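Below is one structure, written out as structure tokens; the observations come after it.
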Amino acid sequence: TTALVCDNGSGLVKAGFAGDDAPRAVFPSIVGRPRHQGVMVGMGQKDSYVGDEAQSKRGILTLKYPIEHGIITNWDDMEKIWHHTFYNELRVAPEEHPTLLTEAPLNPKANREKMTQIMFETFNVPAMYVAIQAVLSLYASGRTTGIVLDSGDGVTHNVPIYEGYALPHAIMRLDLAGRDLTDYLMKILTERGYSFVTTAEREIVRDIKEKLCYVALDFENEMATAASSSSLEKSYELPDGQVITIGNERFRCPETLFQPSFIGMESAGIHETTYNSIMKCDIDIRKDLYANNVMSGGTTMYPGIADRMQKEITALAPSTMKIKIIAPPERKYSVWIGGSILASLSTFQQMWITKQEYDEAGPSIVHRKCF
Amino acid sequence: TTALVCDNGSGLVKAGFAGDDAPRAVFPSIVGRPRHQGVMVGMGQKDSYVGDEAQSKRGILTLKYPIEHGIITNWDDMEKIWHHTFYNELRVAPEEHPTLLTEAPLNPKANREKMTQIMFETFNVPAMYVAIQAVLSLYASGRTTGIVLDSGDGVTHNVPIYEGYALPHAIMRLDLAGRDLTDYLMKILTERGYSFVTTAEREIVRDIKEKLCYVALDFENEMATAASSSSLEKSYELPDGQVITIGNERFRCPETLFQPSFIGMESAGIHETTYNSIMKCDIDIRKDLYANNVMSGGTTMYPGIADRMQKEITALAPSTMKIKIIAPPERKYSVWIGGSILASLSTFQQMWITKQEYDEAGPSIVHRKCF
Amino acid sequence: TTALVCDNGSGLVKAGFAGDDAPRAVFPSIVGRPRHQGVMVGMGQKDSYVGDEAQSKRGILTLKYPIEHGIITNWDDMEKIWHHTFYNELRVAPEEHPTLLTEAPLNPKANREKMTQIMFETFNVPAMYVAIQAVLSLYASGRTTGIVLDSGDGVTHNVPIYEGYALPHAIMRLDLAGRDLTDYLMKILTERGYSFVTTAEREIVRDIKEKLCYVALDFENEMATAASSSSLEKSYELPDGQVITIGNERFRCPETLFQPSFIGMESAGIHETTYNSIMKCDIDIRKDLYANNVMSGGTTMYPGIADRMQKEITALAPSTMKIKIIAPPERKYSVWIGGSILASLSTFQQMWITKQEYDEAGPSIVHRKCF
Amino acid sequence: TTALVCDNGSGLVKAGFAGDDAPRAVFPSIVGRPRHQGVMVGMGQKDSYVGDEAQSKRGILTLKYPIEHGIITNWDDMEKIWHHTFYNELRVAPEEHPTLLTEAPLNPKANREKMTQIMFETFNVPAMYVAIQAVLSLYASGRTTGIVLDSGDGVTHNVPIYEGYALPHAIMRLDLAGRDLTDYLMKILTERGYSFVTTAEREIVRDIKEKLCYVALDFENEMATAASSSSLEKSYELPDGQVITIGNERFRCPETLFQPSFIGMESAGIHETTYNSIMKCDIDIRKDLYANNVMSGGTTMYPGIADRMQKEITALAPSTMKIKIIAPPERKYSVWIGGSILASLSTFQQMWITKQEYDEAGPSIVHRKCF
Amino acid sequence: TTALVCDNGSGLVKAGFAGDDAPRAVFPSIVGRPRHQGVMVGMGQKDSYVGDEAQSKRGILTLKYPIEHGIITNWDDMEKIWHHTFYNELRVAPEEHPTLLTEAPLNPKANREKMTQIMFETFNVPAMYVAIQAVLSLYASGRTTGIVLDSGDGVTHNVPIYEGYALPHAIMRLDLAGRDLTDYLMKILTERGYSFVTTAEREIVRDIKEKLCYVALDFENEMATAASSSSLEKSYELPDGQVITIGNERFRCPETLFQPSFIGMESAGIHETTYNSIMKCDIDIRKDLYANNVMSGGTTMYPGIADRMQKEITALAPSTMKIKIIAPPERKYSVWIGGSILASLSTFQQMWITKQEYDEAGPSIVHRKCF
Ligand SMILES: C/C1=C\CC[C@H](C)OC(=O)C[C@H](c2ccc(O)cc2)NC(=O)[C@@H](Cc2c[nH]c3ccccc23)N(C)C(=O)[C@H](CCCCN)NC(=O)[C@@H](C)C1
Ligand SMILES: Nc1ncnc2c1ncn2[C@@H]1O[C@H](COP(=O)(O)OP(=O)(O)O)[C@@H](O)[C@H]1O
Ligand SMILES: Nc1ncnc2c1ncn2[C@@H]1O[C@H](COP(=O)(O)OP(=O)(O)O)[C@@H](O)[C@H]1O
Ligand SMILES: Nc1ncnc2c1ncn2[C@@H]1O[C@H](COP(=O)(O)OP(=O)(O)O)[C@@H](O)[C@H]1O
Ligand SMILES: Nc1ncnc2c1ncn2[C@@H]1O[C@H](COP(=O)(O)OP(=O)(O)O)[C@@H](O)[C@H]1O
Ligand SMILES: Nc1ncnc2c1ncn2[C@@H]1O[C@H](COP(=O)(O)OP(=O)(O)O)[C@@H](O)[C@H]1O
Ligand SMILES: [Mg+2]
Ligand SMILES: [Mg+2]
Ligand SMILES: [Mg+2]
Ligand SMILES: [Mg+2]
Ligand SMILES: [Mg+2]
């Protein structure tokens, strides 16, 4: 009846209905299991906990993420998350509405084929479609031309779009994402003697990162300042009441996005990746892509990311070029919003894969580009 | 028919039926034998006396405790106690009801294996189960999360439980218990010239301890006060009418629980043991364990123990943490009560070791964790 | 057939049959011999006289007591007494009934071994047993707990018994007895010019003591009163019609029992001896022993002994203790009665030393404690 | 003059001079203090005992380890150990030779900064350097490529090295180490009724572990065998002459290294940790790392560890890959030996931090990577 | 000037000067008073007699011991003994030398406080110290490690010492001592008809014990032998020329030390007490304590005590343990000798309580442990 929109982002499930300006259900993409004992099956105990349950009880659970680098590998856990998304969070049977899913570009074909099989055989979804997140993000901004840099939990990717058309030969993908920034920070923090090694401890570091980190406009000068100025340090209170101090780690973590070599990657930084995607595009397109660099995704939340990227692109770009970073306060939900918008358009209504077409055509249909 | 509950606590047998809010049979875990002469077997004399008999006639008997540090070592005497518990105190044949027994954690495997053999071969018990006392105590409070400090006659132990799950790597056990506090007091009292050296005299000191001792909130200031203030002294009338005066011994005895070094132990005090058990638990669990420290067992009867423990944990705990000591007027019977509750639950009804399963499986079955 | 009971008390033989509530034969334990001439063996004259004969003819006989301080030393005279007890007084052959004898505690082993040899070799007694008098006295009262103070002619002794058991480490024995009280009075009376130096004269003093003496409740005040009040004096008529006056000697004689130093002893008085025996007993026993101090034996006949002992024990005892003196009108025969009772019990019937066991085991059997 | 090499390993100090093929001074990293009384300061008594003294007198001392999980926390005790290492064991003044120290990777920066301050301000060391143990261990083997698994007393760590270069993004660290294996065994042994709770008792368990434990090649089959076969049990004689029997505990203890969940950890087993470190390395490096897995450190002493690790890596590794475990009889001293070798090289002679450079540069110099 | 050493042992005063290898003054701790008459104060008569006077005139005196179970209760008599020790036996004014006193462990605090008050207020002693006898005895042997069993007249005690340190939690005290052995023998001897009931008679029994008793290596076999062999009997000549025969009483008396139940005690025998004190000590200490069991005190004079104790400890000890009894010919004076040694050491010279410190600090100073 109303298209259902579900962004199976790494680390976070965002879902709601088309026409809604926000997801209704927002919870971690986490499935947890008991760590220290078995399940008291003859008593009030469960085999697994999901999303908010997984977080509330995280101190006794081993937590797993079914999605790694944007690819679903743990299909059983992925179904558990969907099972709750549909029946406990949105509380809607799948048989009632068509569903729009999202995906990072350049994944295994199997990832689409398996999501499709599940949505038609485990959940009886009337029709479905799987969209690229960068495209939806641009729909959310309302522009037809620009380059979208979606930097999430598992994948960072750049998809230039011009006058509504994709420029696929220029799509670039990095493995570096929020999951790695968290892991890097866990390692950085051992320098101050704070050792976080368990899964729940990983979740704490993630929370620290989210509240304390920022992007230095000038890393070296910020670091030189940090070396002597105590004004850089901030305290953080841990769940058990202990208090720790975070210093230059507040900006050394996100710096990884500009310098991937910090974690051993040969990868381009986000400002080099963006630049190269633009350079792979036609000379008469480049002007507009520089003019409209569009940010989206949770890692773009670090304060100052917009200014640092403006500086870096400007430095790489021709001196007579106008460079602008577009970074609305709603970047975190850009994909979800784009989903809601697209799902409600009369043009999109013609692109759905119905169950009947799927059953007759088979899995190859998921690679259909109807438009 | 009705599960029978029997807490074979060191120094005291507490038994009754499931569904009863109190034990029906409460008597000392003591077997006595004549000290000065043989048994007039051709006349009205016995070889041994048990429980109340052992106490009423204690002046002519050598008394023994079959349980040391929570471990049954004198199996013949243990059977004599059970023989009376079933046939003279509760006056029920074992063949009529299933029986729930209790145990301290981390004992020899043999202790469970031997109790089981006796309950199926000497007493024909239809089915049985042996539970950990800390767990039962938490059932009695009705909470699912908290740390239970059971401090009895032979063992003091700490078992953290979270959301119904055990956290076994954090179980801590101390040897210090009520039996040692009594022995320490017997030694302290020689300072005033009161020498208690026989077994019956030990029982008198135990009675003195029970009526006069308290926990100083501040040991050093209480002691400094005691040094000059006569208001600290209390009289006690001995069974033969002689009267003695007890001074600072009233609080020096229980202080041992906070300072085990007084009796030569390297052991943590009860407030350090509790704290460390909490620190061995996951950071996202610790908050609730601090919030709910649950006391149980006879040594927690000393007036003021709740306030002294509150002070000590608070001092060790983070300053932003909420610490609360839970110490109901019924702590002495918490294990028994938990026994009654568990025994009546439909979940527990599935966990019993039946005689038939025992006979086929053998003794290894006692280590079964059905739940 | 019927056990024969014979109490070979110093100075007096009391014998009868088990089941009889009184001895049938009561006569002095005295053997006399002619003093002034030889025996007219060719005429109607005897070599010796026994018991009543010894008393009726005492003015011409030297009289001897075969028992000194409870120990038989003159075995030939002891046999003469037994010879008459069996054949002239009870008129029963020893071969017809088993015999129960009595003894003071802590005597030479030989005393039991010799009585046994005589009873199996001179008198053909089927079986025998030698009992402690304090024990029999307690049987006579019917109590199982109490301390018995048997004060007879040759020995005074204290045997605490608790719940039917002996407490042998607390048995105390004094040499002071009725024989000494008589000798002391003979010496006191020389003060009034009445000199009694022969054996028959000793018997007269014994008779005077028996009729005139009493225990002062308060010796010093009684003596101070006696110093000026003629109401204290009593007359006594001697066998030859002469009349003498006895004054404060009436209470100075029995006072010796409270003050043994009057006759040169280091010994405890009877109230100190009783007290110390109780103090040597376990603290949880002492309460009952104070509650039941049981008197027996001929020296307890002095009027007022019960009240004086009540005063003295009360003074030594704790102020919150209940002290009671048990002193029935039948104290003089308590041992004999206890003998009759024990002899008739089915438990006692198993404890007898038979002649056959004696002949095979030898004399060591007399120290058997069958019970 | 000659570089001094000192491996401040947790639980054991190994020191000697560069060029020496073995440490000269090997003693426990233990500082002990009197447990039952104060120090008789006016007599022949000490405040503390160190190393061998701490062990010889351990029955009266509380013993402490200044190093926990590879981190020095008790700096005063650490200086006492160094004080003896230099003046009593090696008997060399620090002013005479430069010193090479060792460290686990990923520690607090402060650990290096504090060791440096002590070595320049308390001990006047001419120059110093602090090396990573895994690196030294590889120098000891003589290889330039391989992965080193150093498993000691407080830390287990994996540092892949390729063609002389570190691959730091793949360094993995576990908390599980010999100290935990000992604690686990102390808990396992309560099953047989052997309770070790004091510090000296901990040292006994450590000795038991060292002589009796081995790694099962197949844990489940070894355990199933142990269940019925008495050939598994071994006796051990305790210091006081008592004898105890150890059964399957001989292999259940070291099994923890393959299954850390036995002690509540979420940690990878040693064979998973090694495997993952290799997988984090470049695909063209992995082949050599599989070929050369190098073991070092005291926990690798358990007999059979080499074969069990060979089995586990082989199972995880590709089937066409050659996997080899390198485990020389000298693994226990690999770090010390590597120290001696490096210290004598002409390349290393250029890397020393001199006192003068330290005084001018300050503590940040300890993080210098001169090479 | 020279420390004075005075061992106020129960029943015997041993005193001399530090540096002397023997006491100069050795006499009974006895105060006697006239028994049969008053004091002829207008003639050559005294109110009391002390020590040797008390013994020479014992037949007319009641003798008292001011010390019972190691505790001074008759303070007036204690001063009379000290009065003679200082002025008639050593003939030294107390004002001239500092004095070292001895004490049994675990006495009333008052015993030290009162001895101190007397030594500073009745006798003007410059300085004093009160030492534990077990400690001094070990000084006399010259060992620093061993367990000392001091068995004297009123108290038997066991104080383990390791490497010069006390292990106070393992101090054990028995009431059984030489005074009880004497009383038991007085009771045993009534079996042969020898009744000793006065105080002087007690002294005779003490002399008999000292010359005739021995410890059976094997009590039951010695007793079985004694039952038929006349070679066991020995004669003894009494002060009045009468001769008595002592048989198995020669070994039944000292047997009490191994079997305290003979006199009604629940107490451990001396070999059980020693064993338990060792078992209460740390496992790494026990080996040396078994190796060095040190005997001291007058009751260890019975011939054969060393061999019987060797047998008993060996039987209780582990079979691989080396057990040795140390029992020099000088055991009787070990405490005195240790006193002389300690008193002369430069370390001890710092531990004295001076009169000035006492006057300012008050009685609590007597519990000072300066060392
Ligand atoms: C915030 C946080 C910890 C800090 C607690 C407190 C507020 O601060 C300190 O006290 C710092 C203080 C400090 C000590 C010394 C110094 O030279 C400089 C610093 N660190 C230590 O003791 C460290 C030591 C440690 C253990 N393995 C490590 C691995 C790498 C680095 C350090 C460690 N230790 C006990 C923890 O990290 C523990 C447990 C880790 C192992 C679990 N298997 N971890 C936590 O609780 C988590 C939530 C992290
Ligand atoms: N303010 C913030 N700063 C840094 N990281 C953030 C912030 N907010 C969210 N994140 C990170 O973004 C990721 C989730 O955001 P999102 O892009 O929605 O993930 P996904 O699209 O994979 O669901 C997490 O890694 C989270 O820590
Ligand atoms: N009010 C009290 N104060 C101190 N100790 C007490 C008190 N009441 C009981 N106890 C002690 O508690 C012990 C018995 O209590 P309990 O915990 O039930 O023992 P158990 O569980 O071993 O049977 C005894 O050591 C007893 O002296
Ligand atoms: N009423 C009395 N007052 C004082 N003494 C008495 C009295 N009656 C008996 N006796 C004394 O008691 C002794 C005999 O009593 P008894 O106890 O039966 O002696 P035994 O038990 O030795 O045969 C004699 O010494 C006698 O004088
Ligand atoms: N044969 C062995 N088996 C098991 N553990 C051992 C063995 N030898 C030594 N160990 C353990 O190794 C640790 C000390 O070795 P080492 O690696 O040198 O420690 P560190 O490097 O921390 O000084 C201790 O925990 C010790 O018990
Ligand atoms: N050879 C011996 N055999 C048995 N007992 C002895 C011997 N010598 C002395 N005694 C006993 O030892 C006690 C006195 O010795 P001692 O230990 O010096 O006493 P104290 O230390 O109390 O002064 C007395 O009880 C005495 O009888
Ligand atoms: Mg996303
Ligand atoms: Mg209990
Ligand atoms: Mg009588
Ligand atoms: Mg190491
Ligand atoms: Mg002595």
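Residue numbers (PDB author numbering), protein chains in the order written: chain A, 5 to 375; chain C, 5 to 375; chain E, 5 to 375; chain B, 5 to 375; chain D, 5 to 375. Where is the CB? At the ideal position from N, CA and C, for every residue including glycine.
Could you give the DSSP three-state label for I369/C: helix, strand or coil?
The residue you call residue 369/C lines up with position 365 of the second sequence. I369/C falls in the helix class under three-state DSSP.
How long is the line joining the alpha carbons of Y69/B and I274/D, rounded to whole angstroms?
For the purposes of this step, residue 69/B is taken as residue 65 along the fourth sequence, with counting starting at 1. For the purposes of this step, residue 274/D is taken as residue 270 along the fifth sequence, with counting starting at 1. Computed Cα separation, rounded: 40 angstroms.
When you compare the CB of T260/C with every CB in chain D, is at least one pair closer than 8 angstroms?
One-based indexing of the second sequence puts residue 260/C at position 256. Chain D has no Cβ within less than 8 angstroms of the Cβ of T260/C.
Chain-ordered chain E contacts of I267/D [CB-CB under 8 angstroms]:
Within the fifth sequence, the letter at position 263 stands for residue 267/D. Under a criterion of Cβ atoms nearer than 8 angstroms, the residues of chain E adjacent to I267/D are, in order, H173.
Check each candidate in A319/C, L178/C, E100/C and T148/C and name the one with the smallest Cα separation from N162/C.
Position 158 of the second sequence, counted from the first residue, corresponds to residue 162/C. Residue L178/C is the option with its Cα nearest to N162/C.
Quick check: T202/B and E316/C, are their CB atoms within less than 8 angstroms of each other?
As a position in the fourth sequence, residue 202/B is number 198, starting the count at 1. As a position in the second sequence, residue 316/C is number 312, starting the count at 1. Not closer than 8 angstroms, so no.
Interface partners of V35/A on chain C, CB under 8 angstroms:
Translated into positions along the first sequence, residue 35/A becomes position 31. Those within 8 angstroms of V35/A in chain C number zero; the least Cβ separation is about 17 angstroms.
Shorter than 8 angstroms from the beta carbon of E72/A to some beta carbon of chain B?
The count along the first sequence starts at 1 and reaches residue 72/A at position 68. Not an interface residue.
At 3 residues or longer, what runs of the beta strand (DSSP E) sit wholly inside the segment 106-155 of chain B?
Taking 3 residues as the minimum length, the beta strand (DSSP E) runs contained wholly in the segment 106-155 of chain B are 131-136 and 150-155, in order along the chain.
Quick one: measure Cβ to Cβ for residue 2/E and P109/E, integer angstroms, because I've assumed they're closer than 8 angstroms.
In this structure chain E extends from 5 to 375, so residue 2/E is not present and cannot be described.
Where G42/C and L261/D are concerned, what is the direct C-alpha to C-alpha distance, given to the nearest angstrom?
As a working note, residue 42/C is residue 38 in the second sequence. As a working note, residue 261/D is residue 257 in the fifth sequence. Distance between the alpha carbons of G42/C and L261/D: 21 angstroms.
Counting only the same chain and skipping the five closest in sequence on each side, list residues whose C-beta sits under 6 angstroms from that of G168/B.
Taking the first residue of the fourth sequence as position 1, residue 168/B is located at position 164. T148, listed in sequence order.
Start and end residues, beta strand (DSSP E) containing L178/E
The count along the third sequence starts at 1 and reaches residue 178/E at position 174. Note, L178/E: beta strand (DSSP E), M176 to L178.
Taking all protein chains shown into account, do 16 or more other C-beta atoms lie within 10 angstroms of the C-beta of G245/D, making it buried, or fewer, making it exposed?
Here residue 245/D is taken as the residue at index 241 of the fifth sequence, counted from 1. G245/D counts as exposed, since fewer than 16 other C-beta atoms from the protein chains shown sit within 10 angstroms of its C-beta.
Tell me which same chain residues have a C-beta within less than 6 angstroms of the C-beta of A58/B, skipping the five on either side of it?
Within the fourth sequence, numbered from 1, the residue matching residue 58/B stands at position 54. So the qualifying residues of the chain are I34, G36 and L67.
So, helix, strand or coil for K291/A, using DSSP?
Residue mapping note: residue 291/A aligns to position 287 of the first sequence, counting from 1. Looking at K291/A - three-state DSSP - the assignment turns out to be helix.
What residues from chain B crowd round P112/C, counting only those whose CB sits closer than 8 angstroms?
Numbered from its first residue, the second sequence carries residue 112/C at position 108. Residues of chain B with a Cβ closer than 8 angstroms to the Cβ of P112/C are, in chain order, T194, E195, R196 and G197.
Distance cut-off 7 angstroms: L110/B Cβ against heavy atoms of ligand 1
Counting from one through the fourth sequence, the residue named residue 110/B turns up at place 106. Answer for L110/B: yes, Cβ within range of ligand 1.
Would you list, in sequence order, the uninterrupted beta strand (DSSP E) runs of no fewer than 3 residues that lie entirely inside the segment 279-335 of chain B?
Here the runs fully enclosed are 297-300.
Under 8 angstroms, do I151/C and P164/C count as touching if we go by C-beta distance?
Within the second sequence, numbered from 1, the residue matching residue 151/C stands at position 147. Within the second sequence, numbered from 1, the residue matching residue 164/C stands at position 160. Against a cut-off of 8 angstroms, the Cβ pair of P164/C and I151/C comes out as a contact.
Just the chain C side, please: which residues come within less than 9 angstroms of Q314/E by C-beta, in chain order?
Along the third sequence, one-based indexing puts residue 314/E at 310. One finds nothing in chain C with a Cβ atom closer than 9 angstroms to the Cβ of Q314/E; even the nearest lies about 16 angstroms away.
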